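Notes to accompany the following structure.
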Amino acid sequence: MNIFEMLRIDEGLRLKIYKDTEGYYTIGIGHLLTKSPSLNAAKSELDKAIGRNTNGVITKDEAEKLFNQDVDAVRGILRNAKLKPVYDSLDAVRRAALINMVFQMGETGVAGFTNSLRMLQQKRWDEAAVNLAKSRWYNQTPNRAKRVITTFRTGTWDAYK
């Protein structure tokens, strides 16, 4: 298992514009197009990202292209000054869980997780897992949150197998 397989499980793959769990236009493998309520705006964001007039539909290769880009960008944000120490302190599996979180909620979302982050940095897994659960994230997307949380607690891929 790896990050790509991991996220593909959590996000799915849709080739036509859809609405995510928050009601935002998305396409492919969890690729957020816009927070705006205009589908027009979303189609335009799509053509721009893709580099062609799509008419809200893409190919599987194009979805995989966006995905690769997105994983690399998130890995980039993890080189932040606030995030870097955490990510660098982690083992390979747990780093995958951190990427997942950021992929799903952005920098801005992962921001209110200071306390949990601190606990992960200290390798207090069970304690972190409890703290991570006290969050809107958990209440809103509980099945995904649990898989992620189990991954940080165990350092294995069990939740995904």
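We label chains A, B, ... in the order they appear in the structure tokens, count residues from 1 in each chain, and number ligands from 1 in the order shown.
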Which of stretch 1-160 of chain A counts as alpha helix (DSSP H) under DSSP, as a PyMOL selection string please? chain A and resi 3-11+39-50+60-77+84-89+92-110+114-121+125-133+136-140+142-154
Resulting file, chosen residues, C-alpha atoms, as a tab-separated table (two decimals), in the first residue's frame:
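So selection-v3.tsv came out as:
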chain	number	residue	atom	x	y	z
A	3	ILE	CA	-0.25	7.08	-0.50
A	4	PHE	CA	-1.75	6.96	-3.99
A	5	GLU	CA	-3.65	3.71	-3.26
A	6	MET	CA	-4.59	5.10	0.05
A	7	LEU	CA	-6.14	8.26	-1.24
A	8	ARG	CA	-7.78	6.49	-4.14
A	9	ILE	CA	-9.60	4.45	-1.57
A	10	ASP	CA	-10.64	7.50	0.48
A	11	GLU	CA	-11.59	9.80	-2.42
A	39	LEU	CA	-21.16	25.29	-11.93
A	40	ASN	CA	-20.05	27.67	-14.54
A	41	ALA	CA	-17.30	28.78	-12.41
A	42	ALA	CA	-16.42	25.13	-11.79
A	43	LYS	CA	-16.31	24.26	-15.50
A	44	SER	CA	-14.06	27.17	-16.11
A	45	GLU	CA	-11.72	26.09	-13.26
A	46	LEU	CA	-11.76	22.67	-14.86
A	47	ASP	CA	-10.80	23.85	-18.37
A	48	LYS	CA	-8.08	25.88	-16.85
A	49	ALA	CA	-6.60	22.97	-14.81
A	50	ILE	CA	-6.92	20.62	-17.72
A	60	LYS	CA	-8.99	8.79	-16.48
A	61	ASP	CA	-5.51	9.78	-17.48
A	62	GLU	CA	-6.31	13.41	-16.91
A	63	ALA	CA	-7.77	12.57	-13.46
A	64	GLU	CA	-4.55	10.64	-12.65
A	65	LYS	CA	-2.53	13.61	-13.88
A	66	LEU	CA	-4.28	16.03	-11.49
A	67	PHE	CA	-3.86	13.44	-8.70
A	68	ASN	CA	-0.09	13.24	-9.12
A	69	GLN	CA	0.13	16.94	-9.18
A	70	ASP	CA	-1.98	17.27	-6.04
A	71	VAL	CA	0.02	14.70	-4.05
A	72	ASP	CA	3.25	16.47	-4.93
A	73	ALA	CA	1.86	19.84	-4.02
A	74	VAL	CA	0.65	18.59	-0.66
A	75	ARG	CA	4.04	17.08	-0.05
A	76	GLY	CA	5.28	20.57	-0.74
A	77	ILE	CA	3.04	22.22	1.87
A	84	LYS	CA	7.86	20.17	8.53
A	85	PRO	CA	8.98	19.21	12.00
A	86	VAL	CA	6.04	17.01	12.35
A	87	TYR	CA	6.33	15.32	9.09
A	88	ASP	CA	10.06	14.80	9.44
A	89	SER	CA	9.65	13.22	12.76
A	92	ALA	CA	6.84	6.19	6.42
A	93	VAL	CA	3.29	5.01	7.14
A	94	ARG	CA	2.39	7.87	9.44
A	95	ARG	CA	3.72	10.37	6.95
A	96	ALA	CA	1.14	8.94	4.57
A	97	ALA	CA	-1.64	9.64	7.07
A	98	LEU	CA	-0.44	13.30	7.42
A	99	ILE	CA	-0.51	13.77	3.66
A	100	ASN	CA	-4.05	12.36	3.56
A	101	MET	CA	-5.26	14.81	6.13
A	102	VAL	CA	-3.78	17.79	4.42
A	103	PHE	CA	-5.01	16.55	1.08
A	104	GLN	CA	-8.49	16.46	2.43
A	105	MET	CA	-8.54	19.64	4.50
A	106	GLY	CA	-5.83	21.96	3.30
A	107	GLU	CA	-3.13	23.82	5.27
A	108	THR	CA	-5.81	26.02	6.67
A	109	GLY	CA	-7.76	23.01	7.97
A	110	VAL	CA	-4.81	21.18	9.34
A	114	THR	CA	-1.76	22.03	16.69
A	115	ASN	CA	-2.38	20.04	19.69
A	116	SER	CA	-2.75	16.79	17.90
A	117	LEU	CA	0.29	17.60	15.86
A	118	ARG	CA	2.32	18.21	18.92
A	119	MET	CA	1.22	14.85	20.31
A	120	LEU	CA	2.20	13.09	17.13
A	121	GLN	CA	5.55	14.80	17.21
A	125	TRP	CA	-0.06	7.69	19.60
A	126	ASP	CA	-3.06	6.73	21.70
A	127	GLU	CA	-3.25	10.12	23.18
A	128	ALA	CA	-3.00	11.74	19.75
A	129	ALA	CA	-5.72	9.39	18.40
A	130	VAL	CA	-8.11	10.54	21.12
A	131	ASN	CA	-7.31	14.21	20.51
A	132	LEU	CA	-7.62	13.85	16.72
A	133	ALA	CA	-11.22	12.53	17.27
A	136	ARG	CA	-15.38	18.58	13.34
A	137	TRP	CA	-13.43	16.44	10.82
A	138	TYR	CA	-14.25	13.30	12.79
A	139	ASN	CA	-17.90	14.17	13.30
A	140	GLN	CA	-18.34	15.07	9.68
A	142	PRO	CA	-16.21	9.67	10.59
A	143	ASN	CA	-15.39	6.57	8.50
A	144	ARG	CA	-12.51	8.23	6.74
A	145	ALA	CA	-11.27	9.92	9.93
A	146	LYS	CA	-11.16	6.56	11.70
A	147	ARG	CA	-9.02	4.93	9.00
A	148	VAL	CA	-6.63	7.87	9.19
A	149	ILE	CA	-6.66	7.87	12.94
A	150	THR	CA	-5.97	4.15	13.09
A	151	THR	CA	-3.05	4.67	10.79
A	152	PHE	CA	-1.49	7.27	13.11
A	153	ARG	CA	-2.17	5.09	16.17
A	154	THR	CA	-0.77	1.91	14.74
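The two atoms in question, atom CA of residue A:58 and atom CA of residue A:16, are spaced 6.6 Å apart.
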Could you pull the residues within 10 Å of residue A:21, counting only C-alpha atoms, minus those fewer than 3 positions along the same chain, as a compact mmCIF listing (two decimals) with N, CA, C and O atoms, in the first residue's frame?
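So the final result, stored in out_10.txt, reads:
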# COMPACT_ATOMS: atom_id res chain seq x y z
N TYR A 18 -18.58 16.70 -9.68
CA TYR A 18 -19.53 16.26 -8.66
C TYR A 18 -19.40 17.15 -7.46
O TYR A 18 -18.48 17.99 -7.36
N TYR A 24 -18.98 21.05 -2.38
CA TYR A 24 -18.13 21.80 -3.33
C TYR A 24 -17.84 21.01 -4.58
O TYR A 24 -17.63 19.82 -4.55
N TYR A 25 -17.80 21.71 -5.70
CA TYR A 25 -17.51 21.06 -6.97
C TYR A 25 -16.10 20.52 -6.97
O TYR A 25 -15.13 21.27 -6.73
N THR A 26 -16.03 19.26 -7.38
CA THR A 26 -14.87 18.42 -7.40
C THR A 26 -14.95 17.50 -8.62
O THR A 26 -15.99 17.35 -9.23
N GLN A 140 -17.85 14.95 11.03
CA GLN A 140 -18.34 15.07 9.68
C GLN A 140 -18.07 13.88 8.75
O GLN A 140 -18.90 13.53 7.92
N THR A 141 -16.86 13.36 8.77
CA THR A 141 -16.50 12.22 7.92
C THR A 141 -15.85 11.21 8.81
O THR A 141 -14.64 11.08 8.81
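The interatomic distance for the pair atom CA of residue A:36 and atom CA of residue A:111 works out to 22.1 Å.
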